[PDB]
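**Q** Data: my_file-v2.txt, compact mmCIF, C-alpha atoms.
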# COMPACT_ATOMS: atom_id res chain seq x y z
CA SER B 1397 9.26 -14.68 -18.38
CA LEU B 1398 10.19 -11.51 -20.26
CA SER B 1399 13.58 -9.98 -19.48
CA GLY B 1400 11.67 -6.74 -19.01
CA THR B 1401 9.41 -7.84 -16.15
CA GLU B 1402 10.94 -10.69 -14.12
CA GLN B 1403 11.98 -9.98 -10.52
CA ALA B 1404 10.52 -6.47 -10.75
CA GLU B 1405 10.17 -6.23 -6.97
CA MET B 1406 13.84 -6.85 -6.17
CA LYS B 1407 15.02 -4.72 -9.09
CA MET B 1408 12.92 -1.72 -8.09
CA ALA B 1409 13.87 -2.17 -4.42
CA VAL B 1410 17.54 -1.93 -5.42
CA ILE B 1411 16.96 0.98 -7.79
CA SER B 1412 15.11 2.88 -5.04
CA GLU B 1413 17.95 2.31 -2.56
CA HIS B 1414 20.50 3.69 -5.04
CA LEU B 1415 18.70 6.61 -6.70
CA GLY B 1416 19.43 9.13 -3.97
CA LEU B 1417 19.27 12.68 -5.35
CA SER B 1418 18.71 11.27 -8.85
CA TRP B 1419 15.05 10.29 -8.37
CA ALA B 1420 13.60 13.65 -9.43
CA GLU B 1421 15.61 13.73 -12.64
CA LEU B 1422 14.52 10.16 -13.31
CA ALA B 1423 10.90 11.18 -12.72
CA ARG B 1424 11.25 13.94 -15.31
CA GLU B 1425 12.90 11.53 -17.75
CA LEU B 1426 9.91 9.23 -17.22
CA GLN B 1427 7.60 12.14 -18.04
CA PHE B 1428 6.01 12.70 -14.63
CA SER B 1429 4.58 16.20 -14.11
CA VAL B 1430 6.17 18.82 -11.87
CA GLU B 1431 3.03 18.59 -9.75
CA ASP B 1432 3.49 14.84 -9.18
CA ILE B 1433 7.17 15.24 -8.40
CA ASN B 1434 6.49 17.94 -5.80
CA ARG B 1435 3.67 15.91 -4.30
CA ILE B 1436 6.20 13.13 -3.66
CA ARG B 1437 8.51 15.71 -2.04
CA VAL B 1438 5.86 17.02 0.34
CA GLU B 1439 4.48 13.58 1.25
CA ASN B 1440 7.97 12.21 2.04
CA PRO B 1441 10.06 15.31 3.01
CA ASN B 1442 12.77 13.72 5.17
CA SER B 1443 13.90 10.72 3.11
CA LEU B 1444 15.39 10.37 -0.36
CA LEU B 1445 14.69 6.63 -0.01
CA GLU B 1446 10.97 7.15 0.67
CA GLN B 1447 10.74 9.61 -2.21
CA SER B 1448 12.43 7.12 -4.57
CA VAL B 1449 10.19 4.26 -3.43
CA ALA B 1450 7.14 6.50 -3.92
CA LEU B 1451 8.23 7.35 -7.47
CA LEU B 1452 8.70 3.73 -8.54
CA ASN B 1453 5.35 2.86 -6.97
CA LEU B 1454 3.71 5.66 -8.97
CA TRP B 1455 5.37 4.34 -12.14
CA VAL B 1456 4.14 0.77 -11.56
CA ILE B 1457 0.58 2.09 -11.19
CA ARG B 1458 0.78 4.37 -14.24
CA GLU B 1459 2.27 1.74 -16.55
CA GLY B 1460 0.03 -1.09 -15.38
CA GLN B 1461 0.10 -3.94 -17.92
CA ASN B 1462 2.40 -2.04 -20.27
CA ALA B 1463 5.18 -1.72 -17.69
CA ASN B 1464 8.62 -2.69 -18.98
CA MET B 1465 11.78 -2.46 -16.87
CA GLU B 1466 13.72 -1.65 -20.04
CA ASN B 1467 12.14 1.82 -19.90
CA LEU B 1468 13.50 2.35 -16.39
CA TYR B 1469 16.92 1.22 -17.55
CA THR B 1470 16.93 3.57 -20.54
CA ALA B 1471 15.94 6.47 -18.28
CA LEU B 1472 18.61 5.55 -15.73
CA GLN B 1473 21.28 5.49 -18.43
CA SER B 1474 20.04 8.84 -19.76
CA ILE B 1475 20.56 10.48 -16.37
CA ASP B 1476 24.07 9.06 -15.91
CA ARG B 1477 23.09 6.33 -13.44
CA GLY B 1478 23.86 3.38 -15.68
CA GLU B 1479 25.92 1.88 -12.88
CA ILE B 1480 22.65 0.81 -11.23
CA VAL B 1481 21.64 -1.02 -14.41
CA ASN B 1482 25.04 -2.74 -14.59
CA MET B 1483 24.61 -3.93 -11.00
CA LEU B 1484 21.21 -5.44 -11.83
CA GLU B 1485 21.95 -6.84 -15.29
Since I need it in another form, could you write the structure as structure tokens?

**A**
Amino acid sequence: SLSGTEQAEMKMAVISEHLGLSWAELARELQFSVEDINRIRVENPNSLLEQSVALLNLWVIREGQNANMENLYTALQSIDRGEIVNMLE
């Protein structure tokens, strides 16, 4: 399969566990609206993990068939979290 889609589940599970405070910046980098980002905050107020999982789930839905993990990697590197990419690739 494409290097940009294989094992998406495990990769996103790991990314979500490691994002921590970085998920909101990632969301902005991925072009999500301030409304969507705050909705995630209010729906999952006590867990950075839940907020991160929610964001990646929203991304999977938005991208649909055009989803490409390389876009997540580029965004991660742009927000200084390239160490997550190194761990995965």

**Q** Rank nothing, just name the residue among B:1398, B:1484, B:1472, B:1404 nearest to residue 1425 in chain B, using all atoms listed in the file.

**A**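 Ranked by minimum distance to residue 1425 in chain B, first place goes to B:1472.
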
**Q** Considering only C-alpha atoms, state which residue in the set B:1479, B:1465, B:1434, B:1471 is at the smallest distance from residue 1407 in chain B.

**A**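 Checking each of B:1479, B:1465, B:1434, B:1471 against residue 1407 in chain B, counting only C-alpha atoms, the winner is B:1465.
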
**Q** Which of these residues is nearest to residue 1448 in chain B, using all atoms listed in the file: B:1464, B:1418, B:1399, B:1482?

**A**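 Among the listed residues, the smallest separation from residue 1448 in chain B belongs to B:1418.
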
**Q** Please determine, counting all atoms listed in the file, which residue among B:1468, B:1420, B:1410, B:1480 has the shortest atom-to-atom distance to residue 1444 in chain B.

**A**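 Looking only at the distances to residue 1444 in chain B, the closest residue turns out to be B:1420.
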
**Q** Just to confirm, what's the straight-line distance from CA of residue 1417 in chain B to CA of residue 1442 in chain B in Å (one decimal)?

**A** 12.4 Å

**Q** Select, from B:1422, B:1449, B:1433, B:1457, the residue with the minimum atom-to-atom distance to residue 1473 in chain B, counting all atoms listed in the file.

**A** B:1422
